[PDB]
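Shown below, as structure tokens, is a lone chain in the form deposited without 2'-deoxyadenosine 5'-triphosphate (DTP); questions about how it binds or moves come after it.
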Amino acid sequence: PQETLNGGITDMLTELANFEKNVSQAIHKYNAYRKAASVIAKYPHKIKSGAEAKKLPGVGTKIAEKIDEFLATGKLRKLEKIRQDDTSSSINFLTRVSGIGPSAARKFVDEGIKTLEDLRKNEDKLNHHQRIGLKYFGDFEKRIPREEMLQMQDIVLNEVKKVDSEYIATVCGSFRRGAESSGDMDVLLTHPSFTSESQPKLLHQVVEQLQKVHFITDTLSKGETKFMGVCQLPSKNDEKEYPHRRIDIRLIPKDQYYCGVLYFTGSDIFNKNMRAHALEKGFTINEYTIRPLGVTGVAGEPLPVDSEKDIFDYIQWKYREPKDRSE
């Protein structure tokens, strides 16, 4: 299907989704709208009525009614109204800043802070994360072309190996599945010395080396097992500099590493299907391990996993290449 097919409807549902999440603070409604937009975005036909759309899982009575209004009038009165609402449109907007969620956006708008310009004039009211989100507001909304992700991976793999050749690092996400672009860089890291029964500095050493070579430019958060920050590729001589990008690095116990790589590689639809299969096969798979299930539903100890394939073998599933994990 193509955007122009039911783009009006999916755009409408997505906009409704955002107001539910950022203004009404109804996360489940936010996801209901997203689910509806997704199922419709995959429908290979230009919808002619709400009834037609209602046959799709995720589209109920209310969304069907909204589709009827949109099809007959080319808009939704409720959406048009909230769109022009100064307060709501501002709260919704501010959450685009990383660090500013529904609560913060609401507080800011309540005190007259509604724009980036306003945020810029009120630095003392923003925490460290929010300040970084503001500074890179534009860059963070740009996608990362695969070619750049490759350049970024080169650097990450090189520096990690440089700190300790025994580290194992894997860039996951859609990138690992072959995507032509990514929204950020997700790095999974492990070390043989680190197991579930196991140093509290394995992550630090890597983050530090990446900062030393000036790849990592800012830190949103950093703990013993998870780092979230900002990075930027070196500027091509006198050529325009690259935009700053979001990068996360997670340290995971060796014995849980591949369940992690499998999970963070996705896609989400694939994960859902694989776990479903695992269950019907007597196994339960989460991001950390795969465990057998007894005849009464009791989970046993986690099974040994030394590769993604081990996971597939357990559930009698043929190994699936990342490129083929779209679903």
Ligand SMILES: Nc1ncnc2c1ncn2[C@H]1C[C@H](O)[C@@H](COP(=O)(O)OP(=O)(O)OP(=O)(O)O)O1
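Only the largest set of C-alpha atoms that superpose within 1.5 Å between the two forms is called the rigid core. The first residue of the shown sequence is 1; numbering continues from there.
The segment moving more, judged by mean Cα distance from this form in 7 other deposited structures of this protein after a core overlay, is 80 to 88 among 181 to 189 and 80 to 88. Greater average departure of CA atoms from the shown form, over structures and residues in 7 other deposited structures of this protein after a core fit, characterises 281 to 289 among 28 to 36 and 281 to 289. Among the other PDB entries of this protein that were compared and that flank it with modelled residues, residue 153 is modelled in all, so it is never left out in a third of them. In the other compared entries of this protein that model both flanking residues, residue 199 lacks coordinates in at least a third of them. Counting the deposited residues that fall between residue 198 and residue 199 and carry no coordinates gives a value of 1 to 3.
Once the C-alpha B-factors are averaged per stretch, 309 to 317 and 20 to 28 rank with 309 to 317 first. Once the C-alpha B-factors are averaged per stretch, 234 to 242 and 102 to 110 rank with 234 to 242 first. Highest CA B-factor among the listed residues (123, 218, 148, 139): 123.
Residues shown: 64, 261, 298, 36. Highest C-alpha temperature factor in the entry: 298. Sort the modelled residues of the chain by CA B factor and residue 166 lands in the lowest third. Annotation for residue 83: C-alpha temperature factor in the highest third relative to the rest of the modelled chain, per the entry.
When the CA B factors of the chain's modelled residues are split into thirds, the value for residue 303 lands in the highest one. Per-chain ranking of the deposited C-alpha B factor places residue 157 in the lowest third.
In this PDB entry, residue 186 carries a Cα temperature factor that places it within the lowest third of its chain's modelled residues.
Another form exists, solved in complex with 2'-deoxyadenosine 5'-triphosphate (DTP); not displayed. Remarks below refer to it.
In the deposited complex, at least one heavy atom of residue 183 sits within 4.5 Å of 2'-deoxyadenosine 5'-triphosphate (DTP). Within 4.5 Å of some heavy atom of 2'-deoxyadenosine 5'-triphosphate (DTP) in the deposited complex lies at least one heavy atom of residue 263.
Contact check for residue 268: a heavy atom falls within 4.5 Å of 2'-deoxyadenosine 5'-triphosphate (DTP) in the deposited complex. When 2'-deoxyadenosine 5'-triphosphate (DTP) is considered in the deposited complex, residue 209 lies well away from it, no heavy atom lying within 4.5 Å.
Judged by heavy atoms within 4.5 Å of 2'-deoxyadenosine 5'-triphosphate (DTP) in the deposited complex, the contact stretch among the candidates 101 to 109, 154 to 162, 167 to 175, 210 to 218 is 167 to 175. This chain is drawn without 2'-deoxyadenosine 5'-triphosphate (DTP); in the deposited complex, the residue among 143, 125, 204, 131 with a heavy atom within 4.5 Å of it is 143.
Shown here without 2'-deoxyadenosine 5'-triphosphate (DTP), the chain has no residue in 44 to 69 lying with a heavy atom within 4.5 Å of that partner in the deposited complex.
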